[PDB]
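Everything below concerns the one structure shown next.
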Amino acid sequence: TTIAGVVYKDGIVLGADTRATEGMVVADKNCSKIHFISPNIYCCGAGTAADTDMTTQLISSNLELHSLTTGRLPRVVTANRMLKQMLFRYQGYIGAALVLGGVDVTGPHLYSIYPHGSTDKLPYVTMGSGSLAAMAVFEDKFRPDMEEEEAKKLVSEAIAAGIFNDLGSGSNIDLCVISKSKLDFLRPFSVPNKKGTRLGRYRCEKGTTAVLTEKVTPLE
Amino acid sequence: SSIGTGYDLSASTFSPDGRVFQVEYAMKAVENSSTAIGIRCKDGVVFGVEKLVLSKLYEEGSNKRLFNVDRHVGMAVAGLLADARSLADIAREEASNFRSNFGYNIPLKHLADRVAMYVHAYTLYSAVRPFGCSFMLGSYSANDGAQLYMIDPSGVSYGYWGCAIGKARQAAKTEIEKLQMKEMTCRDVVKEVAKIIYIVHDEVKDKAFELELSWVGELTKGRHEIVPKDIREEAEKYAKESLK
Amino acid sequence: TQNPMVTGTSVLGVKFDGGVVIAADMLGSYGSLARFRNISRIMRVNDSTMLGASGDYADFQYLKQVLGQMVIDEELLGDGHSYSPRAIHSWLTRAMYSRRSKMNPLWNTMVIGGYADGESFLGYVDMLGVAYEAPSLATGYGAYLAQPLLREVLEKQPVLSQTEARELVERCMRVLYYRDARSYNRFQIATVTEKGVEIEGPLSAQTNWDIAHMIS
Amino acid sequence: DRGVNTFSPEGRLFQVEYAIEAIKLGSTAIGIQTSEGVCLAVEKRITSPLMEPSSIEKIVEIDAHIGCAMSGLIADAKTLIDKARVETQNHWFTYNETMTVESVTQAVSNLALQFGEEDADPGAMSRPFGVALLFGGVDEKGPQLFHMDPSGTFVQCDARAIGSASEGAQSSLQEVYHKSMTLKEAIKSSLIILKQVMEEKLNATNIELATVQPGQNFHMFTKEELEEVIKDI
Amino acid sequence: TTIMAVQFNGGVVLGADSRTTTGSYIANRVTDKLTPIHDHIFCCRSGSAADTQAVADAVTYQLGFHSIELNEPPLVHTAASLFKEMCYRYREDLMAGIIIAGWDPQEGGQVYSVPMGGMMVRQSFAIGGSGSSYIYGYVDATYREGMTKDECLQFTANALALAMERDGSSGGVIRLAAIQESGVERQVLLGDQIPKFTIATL
Amino acid sequence: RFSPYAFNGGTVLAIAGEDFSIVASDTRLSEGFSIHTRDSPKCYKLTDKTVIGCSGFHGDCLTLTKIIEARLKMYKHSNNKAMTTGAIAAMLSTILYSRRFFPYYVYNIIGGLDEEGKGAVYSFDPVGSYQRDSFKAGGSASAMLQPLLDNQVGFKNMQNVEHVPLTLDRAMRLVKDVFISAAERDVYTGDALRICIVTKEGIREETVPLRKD
Amino acid sequence: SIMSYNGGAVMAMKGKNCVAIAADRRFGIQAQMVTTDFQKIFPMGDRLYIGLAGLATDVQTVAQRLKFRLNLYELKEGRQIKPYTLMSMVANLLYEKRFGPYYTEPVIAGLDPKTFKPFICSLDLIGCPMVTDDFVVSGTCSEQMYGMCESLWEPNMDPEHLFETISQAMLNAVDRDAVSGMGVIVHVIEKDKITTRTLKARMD
Amino acid sequence: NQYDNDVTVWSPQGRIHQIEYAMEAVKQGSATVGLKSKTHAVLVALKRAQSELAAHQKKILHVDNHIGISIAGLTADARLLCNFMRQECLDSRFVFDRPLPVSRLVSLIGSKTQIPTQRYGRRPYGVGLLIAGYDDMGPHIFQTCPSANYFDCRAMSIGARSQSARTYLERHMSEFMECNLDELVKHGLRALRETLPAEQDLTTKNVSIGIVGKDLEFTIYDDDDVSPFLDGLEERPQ
Ligand SMILES: *[C@@](C)(CO)[C@](*)(O)[C@H](Cc1ccccc1)NC(=O)[C@H](Cc1ccc(OC)cc1)NC(=O)[C@H](C)NC(=O)CN1CCOCC1
Ligand SMILES: *[C@@](C)(CO)[C@](*)(O)[C@H](Cc1ccccc1)NC(=O)[C@H](Cc1ccc(OC)cc1)NC(=O)[C@H](C)NC(=O)CN1CCOCC1
């Protein structure tokens, strides 16, 4: 992976690539790494994919249960605490590196959560194997209280640097923009990589495979 | 206080007028037992208990109703002595747990609250019965001053300047209201505690009695101690002299 | 404790005519670093018995808390019974072996000193539960340096006066400072007597360094 | 309706008292302790000629040197006898010696008041045992006879009877028993007293007889063995 | 890390660097290692980021309830005792070097050290973390009995700057906190504000 | 990690006669290359008729002795009699086997009188394997004491010597001589030799000094 | 390799309004082949199939435990299971064994009840869902199966075009793998019929 | 009448009948006496024959080298409680290698006997004990009840017709301290004598003596061992 988050003027931008790997082979060219926690909080995930999915779903479930009881919009601190205290309890065996971001009644908040259960609160965070490349862009180009379109450009460039430089990262750039009154889940925000068109034809024609046995079962 | 077709058989059962009779009957146990008093002076707390001797065959010091809960905390009991000792053990353990966790002597008001919560827990269920015991707790500190608390079978905890529990509790409290304890030294209080006990004691109906005395204050360097024989015997001489 | 952290080095003890004297420097070493230069490694148990501990200081602080409470619990009853030095020694053997057998040892080596009913007590306790009595005791490097000197004197003179025992310890603490690299020239002297237990403030051993000039 | 651990105003436990009453319904048993050994006798009380008398065992061996006769609710004794058997073998395993008659009796007696309702295990006893036991054995202290009841009280007896007719049997022993009689006299006396109190006619099938002596192990008397002693009218 | 706490008359002065390392990469160049536990009680965290954090959060919960129940402003010693219990019981599982410093109306300014073993000792000043190794000599040579609050602020800032200079696993920004009866006051030193001791060679 | 064992040296010896039993041990307690104490007799009395000697890891020896004493009273309370030497030996076997997978680093030798007043000796291994024999050595020096005893008490390997019954005097001299011989070669053995003698009337103790080096 | 102990190779492919699923037929312990007619593709309800590659035990164990929950689901609910719902059930099953996983990587292919829409996905040994619009593979010849599918697969294939593609892909990928082969079975799923075929293949 | 079924039910008078009925068991049991001097503590117990052809039931039991007990009430409850006392004594010697102080053991009984008197479906210990002991504080005579209350005694007697034994000990309590071991036992069994009806007196069959003190450990004297004490039979007047 490459996942990154930014705090801008109006709220939060979250970014992620779409590459999943098994060994040194690409398993999924288009996987969703920005996860729903609540209608106002989203969470990026890196590391062990299955750990990423289940940890992000359990906390999302637990917050809905919480927000139904309170009748209030859930807080990014609660998402932070829930994720932190779990990942710590499992001594880092749940391999989930997280970029948590959302907008509260308190305002815009961004967190980075480590598999061992250590959290940081920062204006810009990067996680994943492409984090160094993404963090380099932020250190060079980040400015305080920037505009939405400008922050969208920044995060996408950070993800791009992770894609074109980290072998564990590739394919599409995903974005999630969260403000006080709006949420944009931009799935394919940018498609910087495409498969070359097959100008040679290898379509195996009908009757080119030898069959030994055939059974046809009809249905409703 | 009457209806008892149920209602009064379990502590988990309210009476139609909203009372827990099992707690009230547990309070009757302390009402039948002999009187115990404690007075908060300017520089400490003094305890006094009328210990009724059932037989002259018992040693002087048997059935001691004065207890050391912590090196700085004293305990005077009234009611069912079996429950009293087990409540002292609970108080002992609560006081030692505090030192083992926080490194200092447990503040009396916190110890009193903790123990009272335990007392209260025995008033809610059919599985257990309330303690038939009222107890007082006394302590003195240079930072907190003199402190005196009393806990009844229900689990209620209050701070006192003077307090009486037992057979003649109402009779004793009228004698303590005569004293200016806030200005008195705990050396003078011993004399007055002994007097109140002797007055309240029933000469004809109850037999002979032993007077038990303890104190904690400036005079005893903050440690809860039994009042020395020479000072105790002086107060007994004085208390009998008050009976003119 | 699997790995000790802040540790104390040698603890010494020798009984004399009248009571027992125990010595220990006031250092808590963190490996080769001398981190805590002002810590007490001797505790008063009760009026008749005291304790000095080698090894992990955090574990010593635990035992100090547990024994501390035990003595308090006895003095509550006021029945006229109190733990003898031999009793505390017995209890400590039971505690240390129990933890050893749980494969979670208290990383300590104790010296118990006491005076009760005319005779003076001196006992040793391992982190494994090895316990015995001896007229002189030394832990850590003290075993290799101080104890030899302590035994040599007791060979010539089995019974010592308080002064003779005290200045012997002075001599032993001087050698330890020369030769042990985890020691410190700031120690406490603890003494059990008929009067009770006294621990004395910061003490330094006078050192000689004349041998510097005679190399050539 | 009360709990099983409720005291009567006299200072006894209802369930324990009623468990003693159950013995008064059981078949009568006699044990006699003599210098030459211990003998145990019990009536079988057969209700149908179709029932096999050999299957009714009221006298059982615990070890080679200890026998036990029982009266009352026979079904209850199953556990008590088994626990006694396990105790004797555990002792041999640990100490390489045989348990004394007193020790076994005491071990079983510890189980008597192990009953209750609240604060119980996943299989604790709900009520006392409705049986009385006679332990006859031989150890270093010679031959002894012990009697246990549902209350847990165990005591050495020179001669004791337990059962429905233990009233007349005990007073009959206080006439015949001499503290220096032989084992042959003891067996003779017990069988005589047994036939005095039994409803059915005494023969070599409706009774059970066993002896333990310093010379030889626990011996169960067969039909022929019984005929030899029954013949004395 | 480097962490430091100095006790003065009316309270305490706390100081820490701002570097969080994951190997040889600074994961967070501006970290608040000074954690508030109560109104006047702080702790300095060194060692495992997740370990120290979890302990801190548990002590905050434990002391919070304790204070309300006791109805007193919490003792610094008490907060240090809650750290000790946890750091000692789980000494084999945690990597935590804590310094607890604060104020209470009973004993005033206090500095307690809880190293990796789980021992507890009160000190005039305490230093911890990997960077504290390089400043033992300076701290022993500079420290004076009875320093004023403003001098203690200078003293901590100087020691930390020297430690961040040499130690690789320390650096970034000096964070200072002063706690006295009146409350807590915080300040941050950036670039030029860090006491410069010039590169001293030929 | 951490070793829960220490070798503390020490050797125990026992000889069974007709009306007596001798349990002897050196008094040195060691660790590594240094001596803990010169006064540590390993032989310990249990009843009027039984004496035990423990060598090896002293931590276990102390614990095991404290377990046996407790168990002796437990037996006494339940069975209303003192435990016999054979019963103590049989019990110790079960106590040692209870720790089969965490062994007591311990060599026990029991000496005393049997139920007919004759001398009895029982030898043990760390895990409880035991038997009755006439003489046995156990400990750091057991390999040195044994061959001489097998020759002198057991009359083995000699051609024509009529097996003369053991006397108390000859057995006492034999005990003293083997330990003196052991102190010459084994580093763990020395200082002083403690001897326990079990007979009809109580238990007697005798002490002979040994090499201190 | 733990996965290479039994070998195996499982593949799924999307057509127009159809979906194909193929597998190898060898059951072997390391070098030795044992059975030639070993089942790896399992029916989960008319137009829904799961293919399991990996350790032969867990290949069986998961199928048997998945069918357990499927039957309870289909009885409690008054409906057949949806392809997305089964995927989540597998992910749940496999993640319950997070720190002691079943050594199998499932491949699901089927048509959506009512809307008869094609669906394909693959999963982890710890149950991470991965949906695609072209193909999914799992097995010891993971790499070989990818090379074929990336070069043969076409966007909109009819049932017969789809059959020929998955057949060639499974067949030629297997031929470069030592522990995979001994025949290939193919299931093609249409709205009205299912076509099961075994291909003519190398047996070495 | 509806409050006497459980220990957890308080009566309107502030009493617990189940604890009070349990105390009746002590009265129903055979009488026993316990007295102390400055050096020795003596227990004298009267044994009962269930049907004088069986042996007289045991009354005095061992606890430790310095503590022994006399029982009154339920035997099975007596043994259960005795095992507890034996266990706490063995624990003390294991850990501290010193004899457990009598007073401390008695207060451990006071806590253990309390627990059941406050839980539902439980019952009090239907036994009263007379504890004789010797420690650093000298000889001790202690009394326990079904109510977890315990007493420190100069002299004590419990059981059937123990009132007459109590009045003898009342009369002669001023003589116990400076008096010697041989006279102590005489005073003990002379009190036990007073419980017996005027027809039957003390014999080698029905008397048990337990002695613990300065020089000797706790020893039980039963049959032929009891005759040296009976030799000196002062004879009974009334
Ligand atoms: C980038 C791609 C890693 O270079 C991301 O961290 C990414 C996160 C992601 C991807 C898809 C969906 C959600 C989030 N991580 C992966 O793609 C991940 C890489 C990885 C493999 C092995 C690991 O060792 C513990 C850690 C990370 N890929 C997977 O999880 C793959 C699909 N599954 C496996 O490799 C199976 N593992 C899981 C852990 O236990 C051993 C077997
Ligand atoms: C200085 C920088 C280094 O000693 C400090 O001690 C600092 C403490 C700190 C950090 C953040 C907030 C408050 C205080 N320590 C670290 O930054 C710490 C270094 C460390 C790593 C592992 C340790 O073993 C348990 C001990 C110290 N870094 C971290 O905790 C980072 C965030 N996490 C990781 O390095 C992940 N680790 C966890 C252990 O296993 C290997 C991967």
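By order in the structure tokens, chains are A, B, ...; within a chain, residues start at 1; ligands start at 1, following the order shown.
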- Determine, counting only C-alpha atoms, which protein, DNA and RNA residues have an atom within 7 Å of an atom of residue 198 in chain F; residues of the same chain fewer than 2 positions away are not included. Present the result as a list in words. residues 20, 21, 22, 49, 112, 196, 202, 203 and 204 of chain F
Take the residues from that selection and write them out as a PDB file, in the first residue's frame, keeping C-alpha atoms.
ATOM      1  CA  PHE F  20      21.771 -49.671  64.896  1.00  0.00           C
ATOM      2  CA  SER F  21      21.747 -47.336  61.887  1.00  0.00           C
ATOM      3  CA  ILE F  22      24.309 -44.639  61.072  1.00  0.00           C
ATOM      4  CA  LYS F  49      13.467 -44.038  64.840  1.00  0.00           C
ATOM      5  CA  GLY F 112      16.737 -45.846  60.987  1.00  0.00           C
ATOM      6  CA  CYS F 196      23.776 -39.544  63.384  1.00  0.00           C
ATOM      7  CA  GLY F 202      16.890 -41.836  70.764  1.00  0.00           C
ATOM      8  CA  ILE F 203      19.423 -40.439  68.297  1.00  0.00           C
ATOM      9  CA  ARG F 204      23.054 -39.493  68.975  1.00  0.00           C
TER      10      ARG F 204
END
- Which of range 58-204 of chain G counts as helix (DSSP H, G or I) under DSSP, as number ranges by chain please? G: 58-76, 83-95, 142-152, 159-174
- Write out as a PyMOL selection string every residue belonging to chain A that has an atom at most 9 Å from any atom of chain G, counting only C-alpha atoms. chain A and resi 25+27-31+49-51+53-54+93+198+201-220
- Item | Nearby residues (only C-alpha atoms) at most 10 Å from residue 114 in chain D, same-chain spacing under 4 positions excluded, as a PyMOL selection string | (chain D and resi 109-110+120+124-129+152) or (chain H and resi 76)
Write the residues you've just listed into a file as a CSV table (one decimal), in the first residue's frame, and include N, CA and C atoms for each of them.
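Output (part-v3.csv):
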chain,number,residue,atom,x,y,z
D,109,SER,N,-16.6,-41.7,57.8
D,109,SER,CA,-17.3,-40.8,58.7
D,109,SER,C,-17.3,-39.3,58.3
D,110,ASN,N,-16.2,-38.9,57.6
D,110,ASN,CA,-16.0,-37.6,57.1
D,110,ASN,C,-17.0,-37.2,56.0
D,120,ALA,N,-23.0,-25.3,46.5
D,120,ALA,CA,-22.6,-26.7,46.2
D,120,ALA,C,-21.9,-26.9,44.9
D,124,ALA,N,-22.9,-32.4,44.3
D,124,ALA,CA,-22.8,-32.6,45.7
D,124,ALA,C,-24.0,-33.3,46.2
D,125,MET,N,-23.9,-34.0,47.4
D,125,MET,CA,-24.9,-34.7,48.0
D,125,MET,C,-26.1,-33.8,48.5
D,126,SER,N,-27.3,-34.2,48.3
D,126,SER,CA,-28.5,-33.4,48.6
D,126,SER,C,-29.0,-33.8,50.0
D,127,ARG,N,-28.7,-34.9,50.5
D,127,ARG,CA,-29.2,-35.5,51.7
D,127,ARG,C,-28.2,-36.4,52.4
D,128,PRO,N,-28.4,-36.7,53.7
D,128,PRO,CA,-27.6,-37.7,54.4
D,128,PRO,C,-27.7,-39.1,53.8
D,129,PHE,N,-26.8,-40.0,54.3
D,129,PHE,CA,-26.9,-41.4,53.9
D,129,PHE,C,-27.8,-42.1,54.9
D,152,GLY,N,-22.4,-39.2,61.5
D,152,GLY,CA,-20.9,-39.2,61.4
D,152,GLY,C,-20.2,-39.7,62.6
H,76,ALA,N,-19.1,-34.8,63.9
H,76,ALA,CA,-18.7,-34.6,62.5
H,76,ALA,C,-18.3,-33.1,62.2
- Just list the residues in range 4-108 of chain B DSSP gives strand (DSSP E) on the backbone, as a list in words.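 Result set for range 4-108 of chain B (strand (DSSP E)): residues 36, 37, 38, 39, 40, 41, 44, 45, 46, 47, 48, 49, 50, 51, 52, 66, 67, 68, 69, 70, 73, 74, 75, 76, 77, 78 and 79 of chain B.
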- Task: For residue 133 in chain B, work out the shell of residues within 10 Å, counting only C-alpha atoms and skipping chain neighbours fewer than 5 positions away, then give it as a ChimeraX atom specification.
- Result: /B:26-31,33,77-85,87,119,151-154,165-166
Output file for the selection above: N, CA, C and O atoms, as a JSON list (two decimals), in the first residue's frame:
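Done, and the output landed in out.json:
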[["chain", "number", "residue", "atom", "x", "y", "z"],
["B", 26, "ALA", "N", -32.16, -6.17, 62.11],
["B", 26, "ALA", "CA", -30.71, -6.18, 62.29],
["B", 26, "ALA", "C", -30.29, -5.01, 63.18],
["B", 26, "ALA", "O", -29.35, -5.12, 63.97],
["B", 27, "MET", "N", -31.00, -3.89, 63.05],
["B", 27, "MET", "CA", -30.78, -2.73, 63.89],
["B", 27, "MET", "C", -31.27, -2.97, 65.32],
["B", 27, "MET", "O", -30.76, -2.37, 66.26],
["B", 28, "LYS", "N", -32.25, -3.85, 65.47],
["B", 28, "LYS", "CA", -32.76, -4.23, 66.78],
["B", 28, "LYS", "C", -31.68, -4.98, 67.57],
["B", 28, "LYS", "O", -31.61, -4.87, 68.79],
["B", 29, "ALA", "N", -30.84, -5.72, 66.85],
["B", 29, "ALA", "CA", -29.73, -6.46, 67.46],
["B", 29, "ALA", "C", -28.76, -5.54, 68.18],
["B", 29, "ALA", "O", -28.34, -5.83, 69.30],
["B", 30, "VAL", "N", -28.42, -4.41, 67.55],
["B", 30, "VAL", "CA", -27.55, -3.41, 68.16],
["B", 30, "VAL", "C", -28.25, -2.65, 69.30],
["B", 30, "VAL", "O", -27.60, -2.21, 70.25],
["B", 31, "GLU", "N", -29.57, -2.54, 69.21],
["B", 31, "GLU", "CA", -30.38, -1.92, 70.27],
["B", 31, "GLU", "C", -30.40, -2.75, 71.56],
["B", 31, "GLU", "O", -30.52, -2.20, 72.65],
["B", 33, "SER", "N", -27.87, -4.83, 72.54],
["B", 33, "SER", "CA", -26.51, -4.91, 73.07],
["B", 33, "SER", "C", -26.15, -3.68, 73.90],
["B", 33, "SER", "O", -26.79, -2.64, 73.77],
["B", 77, "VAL", "N", -17.31, -1.34, 68.57],
["B", 77, "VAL", "CA", -18.48, -2.06, 68.05],
["B", 77, "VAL", "C", -19.61, -2.22, 69.07],
["B", 77, "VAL", "O", -19.40, -2.19, 70.28],
["B", 78, "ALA", "N", -20.83, -2.37, 68.54],
["B", 78, "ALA", "CA", -22.00, -2.71, 69.34],
["B", 78, "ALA", "C", -22.90, -3.62, 68.53],
["B", 78, "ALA", "O", -23.03, -3.46, 67.32],
["B", 79, "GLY", "N", -23.52, -4.58, 69.21],
["B", 79, "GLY", "CA", -24.39, -5.55, 68.55],
["B", 79, "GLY", "C", -23.81, -6.95, 68.59],
["B", 79, "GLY", "O", -23.20, -7.35, 69.58],
["B", 80, "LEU", "N", -24.01, -7.69, 67.50],
["B", 80, "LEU", "CA", -23.58, -9.08, 67.40],
["B", 80, "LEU", "C", -22.08, -9.16, 67.14],
["B", 80, "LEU", "O", -21.61, -8.84, 66.05],
["B", 81, "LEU", "N", -21.34, -9.61, 68.16],
["B", 81, "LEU", "CA", -19.87, -9.55, 68.17],
["B", 81, "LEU", "C", -19.19, -10.38, 67.08],
["B", 81, "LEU", "O", -18.07, -10.07, 66.66],
["B", 82, "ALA", "N", -19.88, -11.43, 66.62],
["B", 82, "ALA", "CA", -19.39, -12.26, 65.52],
["B", 82, "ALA", "C", -19.29, -11.43, 64.24],
["B", 82, "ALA", "O", -18.26, -11.44, 63.57],
["B", 83, "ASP", "N", -20.36, -10.71, 63.91],
["B", 83, "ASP", "CA", -20.39, -9.84, 62.74],
["B", 83, "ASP", "C", -19.40, -8.69, 62.89],
["B", 83, "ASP", "O", -18.78, -8.26, 61.91],
["B", 84, "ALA", "N", -19.26, -8.20, 64.12],
["B", 84, "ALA", "CA", -18.35, -7.12, 64.44],
["B", 84, "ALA", "C", -16.90, -7.46, 64.09],
["B", 84, "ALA", "O", -16.19, -6.63, 63.53],
["B", 85, "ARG", "N", -16.49, -8.68, 64.42],
["B", 85, "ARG", "CA", -15.12, -9.12, 64.17],
["B", 85, "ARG", "C", -14.83, -9.29, 62.68],
["B", 85, "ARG", "O", -13.74, -8.96, 62.21],
["B", 87, "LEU", "N", -16.42, -7.69, 60.28],
["B", 87, "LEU", "CA", -16.42, -6.33, 59.74],
["B", 87, "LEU", "C", -15.10, -5.62, 60.04],
["B", 87, "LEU", "O", -14.64, -4.78, 59.25],
["B", 119, "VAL", "N", -21.10, -3.06, 53.97],
["B", 119, "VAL", "CA", -22.25, -3.22, 54.86],
["B", 119, "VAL", "C", -23.55, -3.18, 54.06],
["B", 119, "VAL", "O", -24.41, -4.05, 54.21],
["B", 151, "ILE", "N", -21.11, 3.75, 61.41],
["B", 151, "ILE", "CA", -21.83, 3.01, 60.37],
["B", 151, "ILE", "C", -22.82, 2.03, 61.00],
["B", 151, "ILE", "O", -22.45, 1.22, 61.85],
["B", 152, "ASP", "N", -24.08, 2.12, 60.58],
["B", 152, "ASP", "CA", -25.14, 1.24, 61.09],
["B", 152, "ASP", "C", -25.43, 0.09, 60.11],
["B", 152, "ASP", "O", -24.93, 0.10, 58.98],
["B", 153, "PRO", "N", -26.21, -0.93, 60.55],
["B", 153, "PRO", "CA", -26.55, -2.09, 59.72],
["B", 153, "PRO", "C", -27.04, -1.81, 58.29],
["B", 153, "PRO", "O", -26.94, -2.69, 57.44],
["B", 154, "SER", "N", -27.57, -0.62, 58.04],
["B", 154, "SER", "CA", -28.07, -0.27, 56.71],
["B", 154, "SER", "C", -26.95, 0.08, 55.73],
["B", 154, "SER", "O", -27.08, -0.13, 54.53],
["B", 165, "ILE", "N", -23.96, 4.27, 70.42],
["B", 165, "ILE", "CA", -24.63, 3.11, 69.85],
["B", 165, "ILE", "C", -24.82, 2.03, 70.91],
["B", 165, "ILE", "O", -23.91, 1.77, 71.71],
["B", 166, "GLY", "N", -26.00, 1.43, 70.94],
["B", 166, "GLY", "CA", -26.30, 0.38, 71.92],
["B", 166, "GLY", "C", -27.59, 0.59, 72.69],
["B", 166, "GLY", "O", -28.45, 1.38, 72.29]]
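With CA of residue 113 in chain F on one side and CA of residue 100 in chain F on the other, the separation reads 28.8 Å.
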- Task: Kindly provide, as number ranges by chain, all nucleotide and amino acid residues lying within 6 Å of ligand 1, counting only C-alpha atoms and all ligand atoms.
- Result: A: 1, 19-22, 31, 33, 45-50, 52, 128-129, 168-169; G: 124
- Query: For the atom pair CA of residue 125 in chain C and CA of residue 66 in chain H, what is the interatomic distance in Å to one decimal place?
  - Reply: 29.1 Å
- Task: Could you give me, as number ranges by chain, every polymer residue with an atom at most 9 Å away from an atom of ligand 2, counting only C-alpha atoms and all ligand atoms?
- Result: A: 92, 114-120; E: 1-3, 17-23, 26-28, 31-35, 44-53, 93-97, 128-131, 168-171
Give me the chain H side of the contact with chain F, cut-off 10 Å, one line per residue showing its nearest atom pair and distance in Å at one decimal, counting only C-alpha atoms, sorted by chain and residue number, as CSV.
residue,atom,partner,partner_atom,distance
H:61,CA,F:77,CA,8.7
H:62,CA,F:77,CA,6.8
H:63,CA,F:77,CA,7.8
H:64,CA,F:73,CA,8.3
H:65,CA,F:73,CA,9.5
H:83,CA,F:77,CA,9.1
H:86,CA,F:74,CA,8.4
H:87,CA,F:74,CA,8.9
H:89,CA,F:70,CA,9.8
H:90,CA,F:70,CA,6.2
H:91,CA,F:70,CA,8.5
H:93,CA,F:70,CA,8.3
H:94,CA,F:66,CA,6.2
H:95,CA,F:66,CA,9.0
H:97,CA,F:66,CA,9.1
Any chance you can output those residues with C-alpha atoms as a tab-separated table (two decimals), in the first residue's frame?
chain	number	residue	atom	x	y	z
H	61	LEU	CA	-8.29	-34.19	70.10
H	62	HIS	CA	-4.81	-33.11	68.98
H	63	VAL	CA	-4.29	-29.88	67.06
H	64	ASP	CA	-0.55	-29.18	67.40
H	65	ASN	CA	2.42	-29.68	69.76
H	83	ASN	CA	-8.96	-30.26	60.59
H	86	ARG	CA	-4.68	-28.51	62.37
H	87	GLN	CA	-4.19	-26.97	58.92
H	89	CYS	CA	-1.07	-24.70	62.67
H	90	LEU	CA	0.82	-26.69	60.02
H	91	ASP	CA	0.76	-23.62	57.76
H	93	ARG	CA	5.23	-23.90	61.08
H	94	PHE	CA	5.79	-24.36	57.33
H	95	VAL	CA	6.07	-20.62	56.58
H	97	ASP	CA	8.91	-22.23	61.60
- Task: Find the spatial neighbours of residue 29 in chain D, counting only C-alpha atoms, within a cut-off of 8 Å - ignore same-chain residues fewer than 5 positions away - and output them as a VMD selection string.
- Result: chain D and resid 40 to 43 69 to 71 161 to 163 166
